[PDB]
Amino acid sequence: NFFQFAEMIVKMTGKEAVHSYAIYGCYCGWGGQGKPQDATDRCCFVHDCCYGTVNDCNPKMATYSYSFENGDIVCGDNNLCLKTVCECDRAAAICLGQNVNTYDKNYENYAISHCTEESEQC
């Protein structure tokens, strides 16, 4: 779930991904329409597919087990699906980390006039 996912980004990028990413590019927050505006975006985009493909469980509901040990985030659920929701969020918070510098404070709290375009398939 997001509770779990936010704490993961917020543990790779300072202490509150919830905001910058609550509505960024075209696929970061309350959106999901158009084409990725940049790193953070190709990420937020790639995240929801990753979520999408998990058909076995409910990515938005799944409560998985994880730990931030050594500066590395590890997943601890065996349930092959729960181990995925985590891997997706996990990678996601690494995606949002190594690209924090591409962040354009000019793309958050987005409209959709800038994304009314094609919601690229995945």
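Just count from 1 along the sequence shown to find any residue number.
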Check: Per the PDB record, is the mean Cα temperature factor higher over 34-42 or over 49-57?
Finding: 49-57
Item checked: Residue range whose averaged C-alpha B-factor is higher in the record, 66-74 or 24-32 -> 66-74
Margin query: For the chain shown, is the CA B-factor of residue 99 in the lowest, middle or highest third of its modelled residues?
Written below: middle
Next item on the list: Can you work out whether the C-alpha temperature factor of residue 81 puts it in the lowest, middle or highest third of the chain?
Entry: highest
Notebook entry, point to check: residue 106: which third of its chain by C-alpha temperature factor?
Noted result: middle
